[PDB]
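In what follows, residues are counted from 1 in the order of the sequence shown. The figures here come from the full heavy-atom set of this structure, side chains too, leaving out hydrogens, waters and symmetry mates.
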Amino acid sequence: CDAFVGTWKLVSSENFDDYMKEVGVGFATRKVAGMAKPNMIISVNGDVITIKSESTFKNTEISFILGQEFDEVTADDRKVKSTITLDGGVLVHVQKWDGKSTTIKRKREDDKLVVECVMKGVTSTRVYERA
Ligand SMILES: O=C(O)C(F)(F)C(F)(F)C(F)(F)C(F)(F)C(F)(F)C(F)(F)C(F)(F)C(F)(F)C(F)(F)C(F)(F)C(F)(F)C(F)(F)C(F)(F)C(F)(F)C(F)(F)F
């Protein structure tokens, strides 16, 4: 995951409110979470990948090995079972909870890290640049 490692800052977000609605996030959390401009810090140590998100809304940190399911409490307080894999150089992060599923894809495009969050037919695209 060499191309992903570093410190990234959110610079643009499209359709994130609609994505959060589809996920089931409530009004007040959607409003405050949508304002946030997080710094995402990605690091690798051996087989272990760590993704931290620091923001004024809620700090999160996940560590994982590709292909190996883990427990995650999301920033909006869902308790989900997550599996992250690499698919053709794209990090694919599937979250399962309450019979529902959402997929977050992270990919390098030019000097940006593009995050696509998909819930059924609703996609949000969030673009990060190096800090
Ligand atoms: O990283 C991105 O830009 C991304 F946004 F694509 C993403 F994070 F991958 C994500 F939206 F998919 C996700 F993980 F937050 C999530 F899985 F959707 C989620 F579970 F966090 C969520 F989006 F569903 C949420 F929890 F509902 C949320 F609303 F809280 C939030 F907005 F995403 C948020 F809280 F995480 C935040 F506001 F975005 C934040 F700024 F607080 C931050 F946690 F720092 C973060 F943005 F880094 F997430």
Side-chain angles (χ1 to χ4, degrees):
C1 284
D2 290 344
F4 290 100
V5 164
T7 294
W8 301 91
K9 53 176 192 188
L10 183 71
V11 300
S12 75
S13 185
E14 289 287 351
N15 216 45
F16 192 51
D17 193 61
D18 314 275
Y19 169 76
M20 267 186 309
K21 284 193 167 157
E22 209 68 8
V23 167
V25 185
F27 179 87
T29 299
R30 283 205 320 279
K31 295 294 127 183
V32 175
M35 273 321 282
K37 284 301 180 322
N39 292 135
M40 174 170 59
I41 308 131
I42 303 175
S43 59
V44 177
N45 181 325
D47 294 329
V48 183
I49 304 165
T50 298
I51 302 177
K52 321 178 171 179
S53 174
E54 304 200 308
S55 82
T56 48
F57 172 50
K58 170 142 163 243
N59 301 328
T60 62
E61 172 186 338
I62 59 172
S63 295
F64 58 91
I65 296 176
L66 293 173
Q68 306 197 175
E69 191 176 67
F70 59 99
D71 294 307
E72 177 180 10
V73 178
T74 65
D76 59 306
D77 213 36
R78 279 173 293 131
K79 190 190 199 53
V80 309
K81 297 285 192 202
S82 290
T83 309
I84 302 180
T85 55
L86 263 180
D87 159 30
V90 177
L91 279 168
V92 181
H93 178 178
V94 183
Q95 298 176 333
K96 306 287 195 195
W97 78 106
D98 290 358
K100 302 182 199 163
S101 183
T102 189
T103 298
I104 303 171
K105 292 186 176 184
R106 292 170 179 99
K107 60 177 325 211
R108 279 286 312 273
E109 277 179 20
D110 299 321
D111 291 319
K112 316 175 254 63
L113 195 149
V114 179
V115 183
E116 298 170 347
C117 309
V118 177
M119 190 55 202
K120 304 184 260 178
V122 176
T123 303
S124 170
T125 299
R126 286 157 75 80
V127 178
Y128 289 76
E129 287 193 347
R130 303 218 166 247

Shortest non-hydrogen separation from [X] to [Y] and the atoms involved:
{"X": "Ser55", "Y": "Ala36", "value": "OG-CB, 3.8 Å"}
{"X": "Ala33", "Y": "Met20", "value": "CB-SD, 4.0 Å"}
{"X": "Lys79", "Y": "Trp97", "value": "O-CB, 3.5 Å"}

For [X], I'd like to know if atom [atom1] has over 12 heavy atoms of other residues, nucleotides or ligands within 6.0 Å.
{"X": "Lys58", "atom1": "NZ", "value": "yes"}
{"X": "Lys112", "atom1": "NZ", "value": "yes"}
{"X": "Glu14", "atom1": "CD", "value": "no"}

Can a salt bridge be assigned to the pair [X] and [Y] using a cut-off of 4.0 Å between side-chain N and carboxylate O?
{"X": "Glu54", "Y": "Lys52", "value": "no"}
{"X": "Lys9", "Y": "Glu129", "value": "no"}
{"X": "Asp98", "Y": "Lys100", "value": "no"}

Heavy-atom distance under 4.5 Å between the side chains of [X] and [Y], does that happen here?
{"X": "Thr60", "Y": "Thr74", "value": "no"}
{"X": "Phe16", "Y": "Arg126", "value": "yes"}
{"X": "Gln95", "Y": "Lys81", "value": "no"}
{"X": "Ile49", "Y": "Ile84", "value": "no"}
{"X": "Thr50", "Y": "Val44", "value": "no"}
{"X": "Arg106", "Y": "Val90", "value": "no"}
{"X": "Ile42", "Y": "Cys1", "value": "no"}
{"X": "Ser53", "Y": "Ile51", "value": "no"}

Cation-aromatic face contact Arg108/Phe4, 6.0 Å, 45 degrees: no
Are [X] and [Y] joined in one hydrophobic group, where the rule is that I, L, V, M, F, W and Y side chains link up if heavy atoms are under 4.5 Å apart?
{"X": "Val80", "Y": "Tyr19", "result": "yes"}
{"X": "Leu10", "Y": "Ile104", "result": "yes"}
{"X": "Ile62", "Y": "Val23", "result": "yes"}
{"X": "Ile41", "Y": "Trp8", "result": "no"}
{"X": "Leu86", "Y": "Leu113", "result": "yes"}

Full working for side chain to side chain contact (heavy atoms under 4.5 Å, CB included) between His93 and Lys105: CA-CA 6 Å; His93 178 178; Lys105 292 186 176 184; over 6 Å; no
CE on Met119 to OG on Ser101, rounded to 0.5 Å: 7.5 Å
Residue pair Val94, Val92: steps toward the side chain to side chain contact (heavy atoms under 4.5 Å, CB included) verdict: CA-CA 7 Å; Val94 183; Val92 181; 4.3 Å; yes
Qualifying residues under ring-ring contact (aromatic ring centres under 6.0 Å, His included), relative to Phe64, sequence neighbours excluded: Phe70
Side chain to side chain donor-acceptor pair (under 3.5 Å): pairs with one or both residues in residues 26-45, sequence neighbours excluded: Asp17-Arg30
Donor-acceptor contact below 3.5 Å, side chain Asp47 vs main chain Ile65: no
Donor-acceptor pair, side chain of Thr102 and main chain of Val118, under 3.5 angstrom: yes
